[PDB]
Every structure is written in structure tokens, then in C-alpha cells.
Amino acid sequence: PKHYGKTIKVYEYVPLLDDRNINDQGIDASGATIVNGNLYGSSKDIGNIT
Amino acid sequence: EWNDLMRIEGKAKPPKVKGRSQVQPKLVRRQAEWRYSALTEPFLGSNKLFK
């Protein structure tokens, strides 16, 4: 529609377990504050997942 | 343009300001809203349509 200028914007939602998902909400099993909110990113390492 | 006046879109829309309202009451829609139901009913008053 008119009078909105000349721009259109859309929103894209990334999954839960992607490396692009970066947030400040994370608590690890102990209860402390952890850096990353993803359980694990786009990492398939068996050692890293466990 | 006439449809945009009816639905409040395009040029009929009020400008957007941060500290002020954008409420536009709908006049053309109202005037048409009585006319519709006034006109439709005669064609649905009986079971048969054509004489």
C-alpha cells in the first residue's frame, strides 16, 4: 500500500539448534549462567554433544 | 480509489505521527452498510426467484 515509502520487511525465524542462534539466556545443568543458549550448535561432535 | 475510500486505505489513511492519534471513523462504509441489506432482501423473500 501507498505512503509507506518504498520498503517491505519480513521476519525470518531461525531454528533452536543453529549456530546463528545467539542469545544471552543460558543456564547449564548446575544452575550457573552459561554463555550460549543453544544446547549445541551445528556441531555433530559426539564429544561436544555429551 | 473508491474502494480505498470505503476500506480506509491508500490516500484515505491518516498520516502517522509518534505523539498523535490516527483514528478515522468510517462514513462511506456505514452509508453502504445500510444500503446493502436494504437491497438484498427483496430477492430472498420467497422460495421461488423467477416469475
# chains A, B, ... in the order shown; residues from 1 in each chain; ligands from 1
>>> residues_around(residues="region 27-40 of chain A", least_positions_apart="3", cutoff="7 Å", atoms="only C-alpha atoms", output="PyMOL selection string")
chain A and resi 16-17+22-24+43+49
>>> write_last_selection(atoms="N, CA, C and O atoms", output="mmCIF file, in the first residue's frame")
data_model
loop_
_atom_site.group_PDB
_atom_site.id
_atom_site.type_symbol
_atom_site.label_atom_id
_atom_site.label_comp_id
_atom_site.auth_asym_id
_atom_site.auth_seq_id
_atom_site.Cartn_x
_atom_site.Cartn_y
_atom_site.Cartn_z
ATOM 1 N N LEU A 16 16.064 -23.654 16.731
ATOM 2 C CA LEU A 16 16.661 -23.594 18.060
ATOM 3 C C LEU A 16 18.144 -23.945 18.024
ATOM 4 O O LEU A 16 18.963 -23.272 18.660
ATOM 5 N N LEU A 17 18.511 -24.983 17.280
ATOM 6 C CA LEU A 17 19.854 -25.545 17.354
ATOM 7 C C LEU A 17 20.776 -25.097 16.230
ATOM 8 O O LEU A 17 21.590 -25.902 15.768
ATOM 9 N N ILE A 22 22.112 -16.802 18.605
ATOM 10 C CA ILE A 22 22.990 -16.230 19.621
ATOM 11 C C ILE A 22 22.109 -15.412 20.555
ATOM 12 O O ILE A 22 21.429 -14.477 20.118
ATOM 13 N N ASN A 23 22.116 -15.754 21.842
ATOM 14 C CA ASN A 23 21.313 -15.068 22.840
ATOM 15 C C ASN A 23 22.042 -15.067 24.175
ATOM 16 O O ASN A 23 23.038 -15.766 24.366
ATOM 17 N N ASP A 24 21.534 -14.262 25.106
ATOM 18 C CA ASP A 24 22.121 -14.121 26.430
ATOM 19 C C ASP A 24 21.393 -14.923 27.498
ATOM 20 O O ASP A 24 21.666 -14.732 28.687
ATOM 21 N N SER A 43 26.927 -28.491 15.435
ATOM 22 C CA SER A 43 28.079 -29.322 15.740
ATOM 23 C C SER A 43 27.609 -30.745 15.971
ATOM 24 O O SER A 43 26.749 -30.990 16.820
ATOM 25 N N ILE A 49 28.650 -32.971 22.104
ATOM 26 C CA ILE A 49 27.242 -33.106 22.478
ATOM 27 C C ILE A 49 27.112 -33.607 23.909
ATOM 28 O O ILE A 49 26.302 -33.100 24.692
#
>>> select_by_dssp(residues="chain A", states="helix (DSSP H, G or I)", output="number ranges by chain")
A: 46-49
>>> interface_residues(of="chain A", to="chain B", cutoff="10 Å", atoms="only C-alpha atoms", output="PDB file with C-alpha atoms, in the first residue's frame")
ATOM      1  CA  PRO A   1       0.000   0.000   0.000  1.00  0.00           C
ATOM      2  CA  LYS A   2       0.816   3.651  -0.541  1.00  0.00           C
ATOM      3  CA  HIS A   3       2.510   6.168   1.769  1.00  0.00           C
ATOM      4  CA  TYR A   4       4.669   3.527   3.471  1.00  0.00           C
TER       5      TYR A   4
END
>>> atom_distance(atom1="CA of residue 35 (chain B)", atom2="CA of residue 50 (chain B)")
23.2 Å
